[PDB]
2 protein chains.
Amino acid sequence: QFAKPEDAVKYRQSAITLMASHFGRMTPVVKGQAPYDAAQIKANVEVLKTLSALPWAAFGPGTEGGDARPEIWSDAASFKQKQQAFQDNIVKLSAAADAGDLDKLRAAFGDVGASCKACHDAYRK
Amino acid sequence: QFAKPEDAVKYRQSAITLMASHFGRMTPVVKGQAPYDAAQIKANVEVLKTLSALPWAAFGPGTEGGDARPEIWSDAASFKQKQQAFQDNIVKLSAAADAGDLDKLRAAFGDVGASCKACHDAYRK
Ligand code: HEC
Ligand code: HEC
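Residues numbered from 1 in each chain as written, not as in the entry; some residues may be left out. Chains lettered and ligands numbered in written order. Heavy atoms only, no water. Residues with missing side-chain atoms left out of burial classes, pairs and counts.

- Method of structure determination, per the deposited record: X-ray crystallography was used for this entry, reaching 1.1200 Å resolution.

Structure follows, in structure tokens:
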């Protein structure tokens, strides 16, 4: 859907910005600094699950740029494993949020965060 | 969820970028230049319906900036009517996509586009 590689870069940066906001805005809740409203979190995590699927389609062939390392394309199977693992932890976070259980939310949140970092360590400049 | 007004600006710009991409990428399909795959479009419009709800919460009080005109805040009821009308046309586009009917999709797409422009005419610098 991108006329030029730069358009894919801008899309994925925007997608990731949104994803990151819907993840990070739960930090005070996980930490207990903000109240836990199970319905609120369930709805937010539903947004996050939609958003978490979007960046990866904007690293298509020929869309090198931004802070994406070239290894994303030359190691496509490994990059896909990092995106898959992240999306699988997002499924776990959805399950926690759907259950309405703060202890499970906290644990699932930390797993997601670790998956963000794991991908960055290998694939973000 | 924004530490500073600029963070709300960046969020809404990213949200709108995503929304705009999921809308605009259907232009070739509407025009008949790309094939019409009803399932493909139904799924894309589901993404668009999630995205289309997100920008407006990032124009909260005190988040003036970017290319948002100040009238968004001093005319809050009118701005809400433009966002509502847009989201109501998004519901119509979802119905069209769910029905699998290209003629209805085309018509609903044009209504959505007109609502984008209508808001810009009043509220985008
Ligand atoms: C690989 C499978 C990743 C996962 C999982 C996550 N991120 Fe990431 N992120 C990745 C890349 C390759 C890039 C650079 C994109 C580019 O082309 O520039 C990023 C970037 C970010 C950014 C900055 C976005 C911007 O506006 O430029 C942030 C804030 C960020 N990533 C956060 C983030 C979070 C919180 C994640 C898990 C919830 C996450 N990312 C996962 C690759 C990957
Ligand atoms: C008001 C209810 C709007 C509707 C409906 C749509 N847009 Fe808009 N848009 C609006 C504002 C106030 C702004 C400026 C935001 C800011 O703070 O800068 C915008 C901006 C855009 C942009 C540029 C985004 C960026 O990256 O800075 C685009 C490409 C854009 N808008 C497109 C767009 C489309 C295609 C819409 C309907 C599908 C649409 N917008 C609706 C306000 C409103």
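Moving on from the coordinates now.
### What to know about the site of ligand 2
Residues and elements named next belong to chain B.
Here is step 1 of the chain: Around ligand 2, a shell composed of 24 residues is seen, among which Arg12, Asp67, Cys116, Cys119 and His120 lie nearest.
Here is step 2 of the chain: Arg12 has a polar side-chain atom sitting 2.8 Å from an oxygen atom of ligand 2.
Here is step 3 of the chain: At 3.0 Å from a nitrogen atom of ligand 2 is found a side-chain nitrogen or oxygen belonging to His120.
Here is step 4 of the chain: Mapped onto the shell around ligand 2, the elements with two or more residues apiece are α1 (5-24), α5 (76-99) and α6 (102-123).
Here is step 5 of the chain: Per-element tally for the shell around ligand 2: the top contributor is α1, with seven residues.
Here is step 6 of the chain: Tallied by class, residues from the shell around ligand 2 come to 13 nonpolar, seven polar and four charged. (Near = heavy atom within 4 Å. Polar contact = N/O pair within 3.5 Å; in protein donor to acceptor, adjacent residues only side chain to side chain. Helix = DSSP H or I, 4+ residues; strand = E, 2+ residues; numbered from the N terminus. Nonpolar A, V, L, I, M, F, W, Y, C, P; charged D, E, K, R; others polar.)

### A closer look at the relation of the copies chain B and chain A
For the pair of chain copies, the relating operation is a rotation around an axis with a shift along it.
Here is step 1 of the chain: Once turned by 180 degrees and shifted 0.0 Å along the axis, chain B lies on chain A with an RMSD of 0.0 Å. Both copies are brought into coincidence by an operation consistent with a two-fold rotation axis. Relative to the rotation axis, the C-alpha of B:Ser14 is the closest in chain B, positioned 2.2 Å from it.
Here is step 2 of the chain: Mapped onto chain A, 100% of the interface residues of chain B are again interface residues, and the two copies thus contact each other with one and the same surface. (Least-squares fit on C-alpha atoms. Contact = heavy atoms within 4.5 Å.)

### What about the site of ligand 1?
Residue and element names in this part refer to chain A.
Here is step 1 of the chain: Lining the immediate environment of ligand 1, one finds 24 residues, of which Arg12, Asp67, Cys116, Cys119 and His120 sit closest.
Here is step 2 of the chain: At a separation of 2.9 Å, an oxygen atom of ligand 1 approaches a polar side-chain atom of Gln13.
Here is step 3 of the chain: A majority-of-atoms criterion places ligand 1 in the second largest pocket.
Here is step 4 of the chain: Looking at which element gives the most residues to the shell around ligand 1, the answer is helix α1 (residues 5-24), with seven residues.
Here is step 5 of the chain: The residue makeup of the shell around ligand 1, split by class, is 13 nonpolar, seven polar and four charged. (1 Å grid on protein atoms, 1.4 Å probe; cavity = no way out; pocket = protein on both sides within 12 Å on 5 of 7 lines; lining within 4 Å. Sits in = over half its atoms within 2 Å of the grid points.)

### Let's talk about the packing of aromatic side chains
What characterises a pair of aromatic rings is the spacing of the ring centres plus the angle enclosed by the ring planes.
Here is step 1 of the chain: Applying the stated rule across the entire model yields 16 aromatic pairs over all chains.
Here is step 2 of the chain: When the centroid spacing of 5.5 Å and the interplanar angle of 55 degrees are considered together, the rings of A:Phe59 and A:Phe79 count as tilted. Within this pair, whereas A:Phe59 is found in the loop between α3 (38-52) and α4 (71-74), its partner A:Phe79 is found in helix α5 (residues 76-99), the two being separated by 20 residues in sequence. Of the two residues examined, A:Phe59 and A:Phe79, each falls in the buried class.
Here is step 3 of the chain: With a centroid separation of 6.0 Å and an interplanar angle of 15 degrees, the aromatic rings of B:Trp56 and B:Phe59 are classed as stacked.
Here is step 4 of the chain: Assessed through its relative accessible area of 15%, B:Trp56 is described here as buried. (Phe/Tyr/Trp six-rings, centres within 6.5 Å; stacked < 30°, edge-to-face > 60°. Buried < 20%, exposed > 50% of the residue type's maximum accessible area, 1.4 Å probe, protein only.)

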